[PDB]
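Neighbour counts run over all protein chains shown; Cβ positions are idealised from the backbone, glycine included. Read-outs throughout are calculated quantities, based only on the coordinates presented, and are distinct from any laboratory measurement.
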Amino acid sequence: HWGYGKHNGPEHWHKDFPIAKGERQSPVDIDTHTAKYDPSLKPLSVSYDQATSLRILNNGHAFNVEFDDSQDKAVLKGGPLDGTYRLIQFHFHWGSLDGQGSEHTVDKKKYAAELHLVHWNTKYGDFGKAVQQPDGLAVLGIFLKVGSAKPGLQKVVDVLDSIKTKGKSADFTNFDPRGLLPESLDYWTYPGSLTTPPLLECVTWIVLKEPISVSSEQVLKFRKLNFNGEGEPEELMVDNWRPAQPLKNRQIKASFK
Ligand SMILES: CCCSc1c(F)c(F)c(S(N)(=O)=O)c(F)c1F
Ligand SMILES: CCCSc1c(F)c(F)c(S(N)(=O)=O)c(F)c1F
Ligand SMILES: [Zn+2]
């Protein structure tokens, strides 16, 4: 029964998930001036040409676009990673207002939303055993700013009225996540956690420097979704972000500058 409300939001999560106060929690503020350029970081390899989306689901916290992760189709590697990480799903976090919504911040700046492309390390054989490992996941985070529309996002936007409420799903095939990327793959990276319960400390975060633009209308449609189930009073799905957590002497490493 955790959520994003006054009574069950991020400041309460520690009572059911005590690692909320752990040593490598996410998100964090990215101090750009203190991030360390690491010339030995490799370019990120995003190989999404064979991706197979399957379904979109309103899970009552966000919506997930799900992929077939039963073979190496869409994979992430390179960058700071060892080995190969398979795309399982993506989702977003967003605000009630354009001035908020992202989980990570950049010099305390908040973006209107943040996209998370979640990948699990193939050496652990599937997702549920990967989340138990300290290098189990790689999450590619991409900031969203409001401006010109992102035409690769519109297929997601348009399906949302079919998954308005918690537990609804819809077929969602042939969606190409390459259309959600910015032009540059420059990034920051650090070791962290899931940003939702169970808050497990299993994630290598890779946060792109370059945001994508989405239109006002696109993010407005995200804000029409509901946290509640059908036949319950409406609770708009907004402000589904965890605030920045203590860095606790982790170093954020930059691939650029
Ligand atoms: C007004 C009803 C809230 S009951 C409750 C809660 F308060 C929590 F903090 C959580 S938590 N710690 O998971 O956020 C929880 F699961 C709950 F069920
Ligand atoms: C095991 C928890 C449910 S799946 C999941 C996840 F894998 C994430 F990486 C994230 S995130 N936000 O850390 O990318 C997330 F929110 C999730 F819900
Ligand atoms: Zn997320």
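Go through region 165-186 and count every residue that is of a type in the set (A, V, I, L, M), under 17 Å from the mean Cα position of the chain (by Cα) and under 21 Å from residue 57 (Cβ atoms). Explain how you work it out, then say what you get.
First pass over region 165-186, keeping only residues of a type in the set (A, V, I, L, M): 170, 180-181, 185.
When the remaining residues are screened for being under 17 Å from the mean Cα position of the chain (by Cα), the result is 180-181, 185.
Keeping just the survivors that are under 21 Å from residue 57 (Cβ atoms) gives 180.
Residues that pass the stated criteria total 1.
Could you list, in sequence order, all residues of region 1-58 that are among the basic types (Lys, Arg) and more than 16 Å from ligand 2 (Cβ to nearest atom)? Can you show your working first?
Our first condition is that a residue be among the basic types (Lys, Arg); within region 1-58, this holds for 6, 15, 21, 24, 36, 42, 55.
Passing the criteria: 6, 15, 21, 36, 42.
Being surrounded by 16 or more Cβ atoms within 10 Å (Cβ to Cβ), β-branched (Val, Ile, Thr) and assigned to a loop (DSSP other than H, G, I, E, B) is the filter; apply it to region 166-216 and report the residue that is farthest from ligand 1 (Cβ to nearest atom).
So, considering only residues that are surrounded by 16 or more Cβ atoms within 10 Å (Cβ to Cβ), β-branched (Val, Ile, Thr) and assigned to a loop (DSSP other than H, G, I, E, B), the one farthest from ligand 1 (Cβ to nearest atom) is 195.
With surrounded by fewer than 19 Cβ atoms within 10 Å (Cβ to Cβ) and in contact with a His (Cβ under 6 Å, 6 or more places away or on another chain) as the only criterion, which of 6, 21 stands out? Don't jump to the end; show me each part of the working.
Details: 6 fails: in contact with a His (Cβ under 6 Å, 6 or more places away or on another chain).
Just one listed residue meets the conditions, 21.
Taking the options 81, 97, 153, name whichever one is out of contact with any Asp or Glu (no Cβ under 7 Å at 6 or more places or on another chain), under 30 Å from residue 216 (Cβ atoms) and surrounded by fewer than 22 Cβ atoms within 10 Å (Cβ to Cβ). Step through it out loud before you land on a result.
Values: 81 fails: under 30 Å from residue 216 (Cβ atoms); 153 fails: surrounded by fewer than 22 Cβ atoms within 10 Å (Cβ to Cβ).
Of 81, 97, 153, the one residue that is out of contact with any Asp or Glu (no Cβ under 7 Å at 6 or more places or on another chain), under 30 Å from residue 216 (Cβ atoms) and surrounded by fewer than 22 Cβ atoms within 10 Å (Cβ to Cβ) is 97.
Residue pairs, Cβ under 8 Å, 6 or more apart or interchain, first in region 46-71 and free of Cβ contacts under 8 Å to residues at least 60 places away in the same chain, second within 16 Å of ligand 1 (Cβ to nearest atom). List them.
none
Counting just the residues of region 103-133 that are assigned to a helix (DSSP H, G or I) and aromatic (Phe, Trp, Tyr), which one comes out farthest from the chain's Cα centre (by Cα)? Walk me through it before giving the result.
First, pick out the residues of region 103-133 that are assigned to a helix (DSSP H, G or I): 122-124, 127-130.
The next check asks that each one be aromatic (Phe, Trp, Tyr); those that pass are 124, 127.
Working: 124: 21, 127: 16 Å.
Only one residue fits best here, namely 124.
Go over the candidates 84, 122, 173, 105 one by one and state the one that is among the hydroxyl-bearing types (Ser, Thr, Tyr) and within 25 Å of residue 241 (Cβ to Cβ). So that I can check it myself, show each step before the final result.
On the way: 84 fails: within 25 Å of residue 241 (Cβ to Cβ); 122 fails: within 25 Å of residue 241 (Cβ to Cβ); 173 fails: within 25 Å of residue 241 (Cβ to Cβ).
The match here is 105.
Restricting attention to region 217-236, report how many residues are part of a loop (DSSP other than H, G, I, E, B), out of contact with any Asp or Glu (no Cβ under 7 Å at 6 or more places or on another chain) and not charged (D, E, K, R).
Filtering region 217-236 for residues part of a loop (DSSP other than H, G, I, E, B) gives 223-225, 227-235.
When the remaining residues are screened for being out of contact with any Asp or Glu (no Cβ under 7 Å at 6 or more places or on another chain), the result is 223-225, 229-235.
Now narrow it down to the ones that are not charged (D, E, K, R): 225, 229, 231, 233.
Total satisfying the criteria: 4.
Name, by its number, the condition in (1) charged (D, E, K, R); (2) within 16 Å of ligand 3 (Cβ to nearest atom); (3) over 16 Å from residue 147 (Cβ atoms) that does not hold for residue 129.
That leaves (2) as the condition not met.
Any chance region 11-25 includes a residue that's under 27 Å from residue 177 (Cα atoms), touching a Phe, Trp or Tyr at 6+ places or on another chain (Cβ under 9 Å) and either among the hydrophobic types (A, V, I, L, M, F, W, C) or in contact (Cβ under 8 Å) with a residue 40 or more places away in the chain (or both)? Break it down into steps so the answer makes sense when it comes.
As a first pass, look at region 11-25 and keep what is under 27 Å from residue 177 (Cα atoms): 25.
Restricting the remaining residues to those that are touching a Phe, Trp or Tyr at 6+ places or on another chain (Cβ under 9 Å) gives none.
Within region 11-25, not a single residue is under 27 Å from residue 177 (Cα atoms), touching a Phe, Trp or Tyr at 6+ places or on another chain (Cβ under 9 Å) and either among the hydrophobic types (A, V, I, L, M, F, W, C) or in contact (Cβ under 8 Å) with a residue 40 or more places away in the chain (or both).
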